[PDB]
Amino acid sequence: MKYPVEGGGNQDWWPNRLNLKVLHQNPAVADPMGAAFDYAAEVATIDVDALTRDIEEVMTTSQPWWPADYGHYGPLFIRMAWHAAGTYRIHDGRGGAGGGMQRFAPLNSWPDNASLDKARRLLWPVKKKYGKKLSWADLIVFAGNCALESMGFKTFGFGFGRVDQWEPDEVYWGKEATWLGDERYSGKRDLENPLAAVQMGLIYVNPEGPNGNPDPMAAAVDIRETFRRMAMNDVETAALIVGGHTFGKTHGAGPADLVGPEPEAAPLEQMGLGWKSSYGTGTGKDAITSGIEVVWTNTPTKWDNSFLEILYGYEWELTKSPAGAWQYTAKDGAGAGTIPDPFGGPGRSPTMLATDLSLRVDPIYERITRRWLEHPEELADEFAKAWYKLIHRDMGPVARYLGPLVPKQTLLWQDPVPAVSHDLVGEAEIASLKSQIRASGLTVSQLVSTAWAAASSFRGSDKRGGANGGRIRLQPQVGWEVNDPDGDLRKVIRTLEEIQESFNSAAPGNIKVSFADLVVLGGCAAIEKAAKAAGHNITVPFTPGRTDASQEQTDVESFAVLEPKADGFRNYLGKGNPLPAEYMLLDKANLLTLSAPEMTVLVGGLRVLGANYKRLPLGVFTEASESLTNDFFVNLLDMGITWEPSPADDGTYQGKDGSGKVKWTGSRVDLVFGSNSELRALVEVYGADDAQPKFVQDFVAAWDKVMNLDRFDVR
């Protein structure tokens, strides 16, 4: 129907086709910085004090195209940073401030991100000045952090290092094709996974209550659940809301239908800005953002205990903003004129959101916030910790945090591991340990499977998971179904621990090896063995330095979200997946940061290596198991085999030869490689007569990539 330059493509003819473009997000060709650019090296040299002073100058210098409430952009920047981090969700680790995605579609145009187009624009002078040394990603959340400090709140600390991207991360935000739409609930009030907001285009909850019903008790149910899905418990949630609403104000001075198109739908002359309003001046005193007109505190540009003092110091009744939005105001005309106007007008009455009232109406929040009414030093502590968590939740390993403001204190939510406390294994010890593991009696399948299980727990969205920590032997990973706890896992763990004990006791010097490094090294040693069995003498690369986490360092509930409900690389498909197995394969590959060729070699290799869940024969298209051949690709392309869905409709297929005898069995994941025209092209590379050496090389490179995914300690 359309030109490709206007978005036309093959999805128009086959709407539900597998989208392999999820495996080439942020292509190098789109990146203007060049091959040698290293943001970490750039931002490590930034003048943080000068940056802070420059941001402070921006916050207190009102611009005429978006005048600053109370002459201070601080609170606007706090909402900006909070919204940047607030898209994060635990189910897939996507969203968050990590890539500065708020500057791009669709997030830059979400109803809830109204006016943040101007907020980000205000900071161009800072980005202009610091250039390569400062990403928009870092700047957006640092501006929030500076705002807090500028207004009297001492933060816990700050880590730089968020890398800017050049195209939007494509994320599933829900099925609704209407802004603020809601088709994401089933049962009593079960919110659709992986979502963490109650309506399309909201950060968490509706500020007017569920579906616009301003019931604070019902609103709190939504607040609790959505914040839970963004890694915040009851104390953290309460801390963040009171901490945030200690500052600034909402904007709803006139009717919302006088507000123009969002940035992505706006005319060219608006230069990336949207929501142009025809109500009065359209800015400042006349500003409309949410459509609500609330100023929570008498000190909108100062940290103090005013929020809770006001919340508990008045009784509240339902009222309407100038734009017709529900909000609460103090009963009986109490506190008239006590709240300051953003541009020097007459004083105003106390006001709160329905969601603010949840904090005193909900029994759990009420106990927390009444305590803080009486002991505000506890609020300051909890808010510091929660805000720190909020703006860093998706940053991954602490090795990634850069700059002079990084606090010394490690935190449980960072999934910490011990520091390296001894000398690392060298070339000779690595060779020795590989030999010892091959002599241990552990099979190639066992070693490869275990190393895969450990390393493939990583997801590139929030950079959580991976083989560092040795968490495969700890809860919950040791009990995950896909890791098959009733199988050989505990035997493999025990054997590797015995080798660790032996090596550490036996070897003098100061060299010690971690269980974590041994899990990975076992996989590498087995792949070497299997490659030789296929007539290839290769060494699989290995980088030592992983350390062993304790159970105490491993939050079992937090780690729960990392459990695969599907892993096509092990031909595992559990219940509850939103899409057929082949789609879940690409999703898994996306999270592992794999390209299509990398995904392809890994599937083919792991199948013939025996890495399958429960050592099932599905996709094991070889006569020589435990040997690293390209047999999977050769057999998949064999026209002497006729494929048919299994008589038992179990998601499997039978591959029959000319006599009608079943030679192979496969899953949807297996067959998609021969059926999908773009994947088949890749299979035809690795299935050619000249391809075995290349396959082995590419498999080993891809394997090494997966083993090293969380290794920011050596990067």
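Counting begins at 1, following the sequence as shown.
For the pair 424-432 and 271-279, the mean B factor over Cα atoms is greater in 424-432. For the pair 582-590 and 163-171, the mean Cα B-factor is higher in 163-171. Out of 461, 87, 553, 233, the entry records its largest CA B-factor for 553. Within the group 41, 648, 683, 669, the record's highest C-alpha temperature factor is found at 648. Residue 322: CA B factor in the highest third of modelled residues in this chain (values from the PDB entry). Among all modelled residues in this chain, the alpha-carbon of residue 678 has a temperature factor (C-alpha) in the lowest third.
The PDB entry assigns residue 80 a C-alpha temperature factor belonging to the lowest third of its chain's modelled residues. Among all modelled residues in this chain, the alpha-carbon of residue 302 has a temperature factor (C-alpha) in the middle third. Among the modelled residues of the chain, residue 537 sits in the highest third by CA temperature factor in this PDB entry.
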